[PDB]
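As stored in upload_38.pdb (PDB, N, CA and C atoms):
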```
ATOM      1  N   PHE A   1       4.185  -0.437 -10.436  1.00  0.00           N
ATOM      2  CA  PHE A   1       5.544   0.003 -10.007  1.00  0.00           C
ATOM      3  C   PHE A   1       5.919   1.292 -10.741  1.00  0.00           C
ATOM      4  N   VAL A   2       4.946   2.089 -11.094  1.00  0.00           N
ATOM      5  CA  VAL A   2       5.245   3.365 -11.808  1.00  0.00           C
ATOM      6  C   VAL A   2       4.581   4.526 -11.065  1.00  0.00           C
ATOM      7  N   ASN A   3       4.879   5.738 -11.447  1.00  0.00           N
ATOM      8  CA  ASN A   3       4.262   6.906 -10.757  1.00  0.00           C
ATOM      9  C   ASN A   3       4.514   6.802  -9.253  1.00  0.00           C
ATOM     10  N   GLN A   4       4.148   7.811  -8.510  1.00  0.00           N
ATOM     11  CA  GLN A   4       4.366   7.767  -7.038  1.00  0.00           C
ATOM     12  C   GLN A   4       3.245   8.534  -6.332  1.00  0.00           C
ATOM     13  N   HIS A   5       3.381   8.772  -5.056  1.00  0.00           N
ATOM     14  CA  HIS A   5       2.305   9.496  -4.319  1.00  0.00           C
ATOM     15  C   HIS A   5       1.023   8.666  -4.409  1.00  0.00           C
ATOM     16  N   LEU A   6       1.006   7.527  -3.769  1.00  0.00           N
ATOM     17  CA  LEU A   6      -0.196   6.634  -3.866  1.00  0.00           C
ATOM     18  C   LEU A   6      -0.842   6.322  -2.501  1.00  0.00           C
ATOM     19  N   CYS A   7      -0.031   5.978  -1.543  1.00  0.00           N
ATOM     20  CA  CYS A   7      -0.481   5.569  -0.145  1.00  0.00           C
ATOM     21  C   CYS A   7      -2.000   5.633   0.097  1.00  0.00           C
ATOM     22  N   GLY A   8      -2.668   6.690  -0.241  1.00  0.00           N
ATOM     23  CA  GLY A   8      -4.146   6.738   0.000  1.00  0.00           C
ATOM     24  C   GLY A   8      -4.830   5.509  -0.637  1.00  0.00           C
ATOM     25  N   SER A   9      -5.810   5.726  -1.470  1.00  0.00           N
ATOM     26  CA  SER A   9      -6.520   4.588  -2.113  1.00  0.00           C
ATOM     27  C   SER A   9      -5.583   3.832  -3.058  1.00  0.00           C
ATOM     28  N   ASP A  10      -4.355   4.254  -3.200  1.00  0.00           N
ATOM     29  CA  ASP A  10      -3.442   3.511  -4.104  1.00  0.00           C
ATOM     30  C   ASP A  10      -2.695   2.447  -3.294  1.00  0.00           C
ATOM     31  N   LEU A  11      -2.221   2.749  -2.112  1.00  0.00           N
ATOM     32  CA  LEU A  11      -1.564   1.663  -1.323  1.00  0.00           C
ATOM     33  C   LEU A  11      -2.660   0.654  -1.009  1.00  0.00           C
ATOM     34  N   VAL A  12      -3.867   1.142  -0.921  1.00  0.00           N
ATOM     35  CA  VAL A  12      -5.042   0.275  -0.631  1.00  0.00           C
ATOM     36  C   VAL A  12      -5.363  -0.604  -1.852  1.00  0.00           C
ATOM     37  N   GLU A  13      -5.850  -0.020  -2.916  1.00  0.00           N
ATOM     38  CA  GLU A  13      -6.179  -0.828  -4.129  1.00  0.00           C
ATOM     39  C   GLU A  13      -4.919  -1.558  -4.582  1.00  0.00           C
ATOM     40  N   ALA A  14      -3.857  -0.834  -4.727  1.00  0.00           N
ATOM     41  CA  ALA A  14      -2.579  -1.467  -5.144  1.00  0.00           C
ATOM     42  C   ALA A  14      -2.299  -2.626  -4.197  1.00  0.00           C
ATOM     43  N   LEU A  15      -2.796  -2.546  -2.987  1.00  0.00           N
ATOM     44  CA  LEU A  15      -2.583  -3.670  -2.030  1.00  0.00           C
ATOM     45  C   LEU A  15      -3.335  -4.879  -2.582  1.00  0.00           C
ATOM     46  N   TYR A  16      -4.531  -4.677  -3.047  1.00  0.00           N
ATOM     47  CA  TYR A  16      -5.287  -5.815  -3.623  1.00  0.00           C
ATOM     48  C   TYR A  16      -4.351  -6.522  -4.610  1.00  0.00           C
ATOM     49  N   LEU A  17      -3.400  -5.794  -5.136  1.00  0.00           N
ATOM     50  CA  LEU A  17      -2.436  -6.395  -6.103  1.00  0.00           C
ATOM     51  C   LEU A  17      -1.179  -6.879  -5.365  1.00  0.00           C
ATOM     52  N   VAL A  18      -0.863  -6.284  -4.248  1.00  0.00           N
ATOM     53  CA  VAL A  18       0.352  -6.701  -3.492  1.00  0.00           C
ATOM     54  C   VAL A  18      -0.007  -7.804  -2.500  1.00  0.00           C
ATOM     55  N   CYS A  19      -0.964  -7.558  -1.672  1.00  0.00           N
ATOM     56  CA  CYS A  19      -1.397  -8.578  -0.689  1.00  0.00           C
ATOM     57  C   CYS A  19      -2.472  -9.479  -1.301  1.00  0.00           C
ATOM     58  N   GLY A  20      -3.635  -8.942  -1.565  1.00  0.00           N
ATOM     59  CA  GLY A  20      -4.723  -9.778  -2.145  1.00  0.00           C
ATOM     60  C   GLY A  20      -5.118 -10.853  -1.131  1.00  0.00           C
ATOM     61  N   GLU A  21      -5.026 -10.544   0.137  1.00  0.00           N
ATOM     62  CA  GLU A  21      -5.387 -11.545   1.183  1.00  0.00           C
ATOM     63  C   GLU A  21      -6.847 -11.358   1.602  1.00  0.00           C
ATOM     64  N   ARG A  22      -7.763 -11.711   0.746  1.00  0.00           N
ATOM     65  CA  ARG A  22      -9.212 -11.575   1.082  1.00  0.00           C
ATOM     66  C   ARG A  22      -9.480 -10.266   1.837  1.00  0.00           C
ATOM     67  N   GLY A  23      -8.742  -9.225   1.559  1.00  0.00           N
ATOM     68  CA  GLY A  23      -9.001  -7.934   2.264  1.00  0.00           C
ATOM     69  C   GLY A  23      -7.699  -7.349   2.812  1.00  0.00           C
ATOM     70  N   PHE A  24      -7.741  -6.121   3.259  1.00  0.00           N
ATOM     71  CA  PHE A  24      -6.514  -5.475   3.810  1.00  0.00           C
ATOM     72  C   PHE A  24      -6.905  -4.255   4.644  1.00  0.00           C
ATOM     73  N   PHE A  25      -5.966  -3.681   5.348  1.00  0.00           N
ATOM     74  CA  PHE A  25      -6.281  -2.476   6.166  1.00  0.00           C
ATOM     75  C   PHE A  25      -4.988  -1.676   6.400  1.00  0.00           C
ATOM     76  N   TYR A  26      -4.864  -0.536   5.772  1.00  0.00           N
ATOM     77  CA  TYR A  26      -3.629   0.285   5.954  1.00  0.00           C
ATOM     78  C   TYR A  26      -3.975   1.549   6.755  1.00  0.00           C
ATOM     79  N   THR A  27      -2.986   2.300   7.158  1.00  0.00           N
ATOM     80  CA  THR A  27      -3.263   3.536   7.944  1.00  0.00           C
ATOM     81  C   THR A  27      -3.442   4.723   6.995  1.00  0.00           C
ATOM     82  N   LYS A  28      -4.513   5.453   7.144  1.00  0.00           N
ATOM     83  CA  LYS A  28      -4.746   6.629   6.257  1.00  0.00           C
ATOM     84  C   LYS A  28      -4.844   7.898   7.109  1.00  0.00           C
ATOM     85  N   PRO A  29      -4.481   9.008   6.517  1.00  0.00           N
ATOM     86  CA  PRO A  29      -4.514  10.317   7.191  1.00  0.00           C
ATOM     87  C   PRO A  29      -5.947  10.857   7.246  1.00  0.00           C
ATOM     88  N   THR A  30      -6.357  11.357   8.378  1.00  0.00           N
ATOM     89  CA  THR A  30      -7.740  11.897   8.497  1.00  0.00           C
ATOM     90  C   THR A  30      -8.743  10.841   8.026  1.00  0.00           C
TER      91      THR A  30
ATOM     92  N   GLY B   1       9.667   5.939   8.961  1.00  0.00           N
ATOM     93  CA  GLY B   1       8.755   4.723   8.785  1.00  0.00           C
ATOM     94  C   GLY B   1       8.265   4.370   7.422  1.00  0.00           C
ATOM     95  N   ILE B   2       7.038   4.699   7.120  1.00  0.00           N
ATOM     96  CA  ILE B   2       6.492   4.378   5.773  1.00  0.00           C
ATOM     97  C   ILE B   2       5.359   5.356   5.437  1.00  0.00           C
ATOM     98  N   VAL B   3       5.390   5.936   4.266  1.00  0.00           N
ATOM     99  CA  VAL B   3       4.317   6.894   3.868  1.00  0.00           C
ATOM    100  C   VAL B   3       4.584   8.262   4.511  1.00  0.00           C
ATOM    101  N   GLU B   4       3.731   9.225   4.255  1.00  0.00           N
ATOM    102  CA  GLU B   4       3.913  10.591   4.843  1.00  0.00           C
ATOM    103  C   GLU B   4       4.858  11.423   3.972  1.00  0.00           C
ATOM    104  N   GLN B   5       5.523  10.814   3.030  1.00  0.00           N
ATOM    105  CA  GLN B   5       6.448  11.596   2.158  1.00  0.00           C
ATOM    106  C   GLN B   5       5.891  11.618   0.736  1.00  0.00           C
ATOM    107  N   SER B   6       6.049  10.544   0.027  1.00  0.00           N
ATOM    108  CA  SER B   6       5.522  10.477  -1.365  1.00  0.00           C
ATOM    109  C   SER B   6       4.353   9.507  -1.398  1.00  0.00           C
ATOM    110  N   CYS B   7       3.766   9.220  -0.271  1.00  0.00           N
ATOM    111  CA  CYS B   7       2.633   8.275  -0.316  1.00  0.00           C
ATOM    112  C   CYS B   7       3.173   6.905  -0.834  1.00  0.00           C
ATOM    113  N   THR B   8       4.429   6.851  -1.238  1.00  0.00           N
ATOM    114  CA  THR B   8       5.067   5.580  -1.702  1.00  0.00           C
ATOM    115  C   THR B   8       4.090   4.667  -2.478  1.00  0.00           C
ATOM    116  N   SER B   9       3.838   3.465  -2.004  1.00  0.00           N
ATOM    117  CA  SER B   9       2.943   2.532  -2.746  1.00  0.00           C
ATOM    118  C   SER B   9       3.630   2.088  -4.038  1.00  0.00           C
ATOM    119  N   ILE B  10       4.899   2.366  -4.191  1.00  0.00           N
ATOM    120  CA  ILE B  10       5.581   1.964  -5.459  1.00  0.00           C
ATOM    121  C   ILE B  10       6.718   0.975  -5.182  1.00  0.00           C
ATOM    122  N   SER B  11       7.754   1.401  -4.519  1.00  0.00           N
ATOM    123  CA  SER B  11       8.887   0.471  -4.244  1.00  0.00           C
ATOM    124  C   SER B  11       8.894   0.115  -2.759  1.00  0.00           C
ATOM    125  N   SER B  12       7.773  -0.296  -2.234  1.00  0.00           N
ATOM    126  CA  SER B  12       7.711  -0.653  -0.810  1.00  0.00           C
ATOM    127  C   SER B  12       6.454  -1.482  -0.547  1.00  0.00           C
ATOM    128  N   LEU B  13       5.717  -1.892  -1.563  1.00  0.00           N
ATOM    129  CA  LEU B  13       4.521  -2.700  -1.237  1.00  0.00           C
ATOM    130  C   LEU B  13       4.974  -4.106  -0.921  1.00  0.00           C
ATOM    131  N   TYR B  14       6.183  -4.454  -1.278  1.00  0.00           N
ATOM    132  CA  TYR B  14       6.676  -5.776  -0.844  1.00  0.00           C
ATOM    133  C   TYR B  14       6.489  -5.734   0.670  1.00  0.00           C
ATOM    134  N   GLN B  15       6.551  -4.526   1.198  1.00  0.00           N
ATOM    135  CA  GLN B  15       6.307  -4.312   2.650  1.00  0.00           C
ATOM    136  C   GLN B  15       4.792  -4.339   2.847  1.00  0.00           C
ATOM    137  N   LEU B  16       4.104  -3.757   1.906  1.00  0.00           N
ATOM    138  CA  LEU B  16       2.611  -3.720   1.905  1.00  0.00           C
ATOM    139  C   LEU B  16       2.066  -5.150   1.899  1.00  0.00           C
ATOM    140  N   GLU B  17       2.907  -6.128   1.669  1.00  0.00           N
ATOM    141  CA  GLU B  17       2.418  -7.535   1.675  1.00  0.00           C
ATOM    142  C   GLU B  17       2.018  -7.923   3.105  1.00  0.00           C
ATOM    143  N   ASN B  18       2.273  -7.067   4.065  1.00  0.00           N
ATOM    144  CA  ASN B  18       1.913  -7.394   5.476  1.00  0.00           C
ATOM    145  C   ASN B  18       0.790  -6.484   5.959  1.00  0.00           C
ATOM    146  N   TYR B  19       0.156  -5.801   5.059  1.00  0.00           N
ATOM    147  CA  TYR B  19      -0.954  -4.900   5.452  1.00  0.00           C
ATOM    148  C   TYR B  19      -2.267  -5.674   5.359  1.00  0.00           C
ATOM    149  N   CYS B  20      -2.331  -6.591   4.442  1.00  0.00           N
ATOM    150  CA  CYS B  20      -3.567  -7.406   4.276  1.00  0.00           C
ATOM    151  C   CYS B  20      -3.975  -7.980   5.633  1.00  0.00           C
ATOM    152  N   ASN B  21      -5.149  -8.544   5.720  1.00  0.00           N
ATOM    153  CA  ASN B  21      -5.608  -9.118   7.019  1.00  0.00           C
ATOM    154  C   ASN B  21      -4.456  -9.880   7.679  1.00  0.00           C
TER     155      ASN B  21
END
```

Could you express the structure from this file as structure tokens?
Amino acid sequence: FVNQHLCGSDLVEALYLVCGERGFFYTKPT
Amino acid sequence: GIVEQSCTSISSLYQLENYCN
């Protein structure tokens, strides 16, 4: 919950910490 | 919507709880 500008591999890895549902899939640019 | 500005991932992953499978 610190720093910002993450969405790339941070919303992803950080997702392993938020969702942690045996996997995840977010939308990435390019 | 979500993202496209600060890449967020900070005060909105409670929303990210619906990105997992």

Open item on the list: Please expand the PyMOL selection byres ((chain B and resi 18) around 8) into the concrete residues it hits in this file, giving the result as a ChimeraX atom specification.
Closed with: /A:18-19,24-25 /B:13-17,19-21

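Distance criterion 8 Å to chain B, applied with only C-alpha atoms, yields residues 1, 2, 3, 4, 5, 6, 7, 8, 10, 11, 14, 15, 18, 19, 20, 21, 22, 23, 24, 25 and 26 of chain A on chain A.
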
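Take atom C of residue A:13 and atom C of residue A:30: the distance between them is 18.1 Å.
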
Enclosing box along x, y and z for every listed atom of stretch 1-19 of chain A, padded 6 Å each side, centre and size in Å, one decimal, as lines of an AutoDock Vina configuration file:
```
center_x = -0.3
center_y = 0.0
center_z = -5.9
size_x = 24.4
size_y = 31.0
size_z = 23.9
```

Check the DSSP output for the backbone and give back, as a PDB file with N, CA and C atoms, in the coordinates of the input, the residues of chain A in helix (DSSP H, G or I).
```pdb
ATOM      1  N   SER A   9      -5.810   5.726  -1.470  1.00  0.00           N
ATOM      2  CA  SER A   9      -6.520   4.588  -2.113  1.00  0.00           C
ATOM      3  C   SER A   9      -5.583   3.832  -3.058  1.00  0.00           C
ATOM      4  N   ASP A  10      -4.355   4.254  -3.200  1.00  0.00           N
ATOM      5  CA  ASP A  10      -3.442   3.511  -4.104  1.00  0.00           C
ATOM      6  C   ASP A  10      -2.695   2.447  -3.294  1.00  0.00           C
ATOM      7  N   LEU A  11      -2.221   2.749  -2.112  1.00  0.00           N
ATOM      8  CA  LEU A  11      -1.564   1.663  -1.323  1.00  0.00           C
ATOM      9  C   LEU A  11      -2.660   0.654  -1.009  1.00  0.00           C
ATOM     10  N   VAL A  12      -3.867   1.142  -0.921  1.00  0.00           N
ATOM     11  CA  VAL A  12      -5.042   0.275  -0.631  1.00  0.00           C
ATOM     12  C   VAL A  12      -5.363  -0.604  -1.852  1.00  0.00           C
ATOM     13  N   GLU A  13      -5.850  -0.020  -2.916  1.00  0.00           N
ATOM     14  CA  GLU A  13      -6.179  -0.828  -4.129  1.00  0.00           C
ATOM     15  C   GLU A  13      -4.919  -1.558  -4.582  1.00  0.00           C
ATOM     16  N   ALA A  14      -3.857  -0.834  -4.727  1.00  0.00           N
ATOM     17  CA  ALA A  14      -2.579  -1.467  -5.144  1.00  0.00           C
ATOM     18  C   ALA A  14      -2.299  -2.626  -4.197  1.00  0.00           C
ATOM     19  N   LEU A  15      -2.796  -2.546  -2.987  1.00  0.00           N
ATOM     20  CA  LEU A  15      -2.583  -3.670  -2.030  1.00  0.00           C
ATOM     21  C   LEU A  15      -3.335  -4.879  -2.582  1.00  0.00           C
ATOM     22  N   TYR A  16      -4.531  -4.677  -3.047  1.00  0.00           N
ATOM     23  CA  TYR A  16      -5.287  -5.815  -3.623  1.00  0.00           C
ATOM     24  C   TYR A  16      -4.351  -6.522  -4.610  1.00  0.00           C
ATOM     25  N   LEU A  17      -3.400  -5.794  -5.136  1.00  0.00           N
ATOM     26  CA  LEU A  17      -2.436  -6.395  -6.103  1.00  0.00           C
ATOM     27  C   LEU A  17      -1.179  -6.879  -5.365  1.00  0.00           C
ATOM     28  N   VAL A  18      -0.863  -6.284  -4.248  1.00  0.00           N
ATOM     29  CA  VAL A  18       0.352  -6.701  -3.492  1.00  0.00           C
ATOM     30  C   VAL A  18      -0.007  -7.804  -2.500  1.00  0.00           C
TER      31      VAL A  18
END
```

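A straight line drawn from atom N of residue A:29 to atom CA of residue A:16 is 18.0 Å long.
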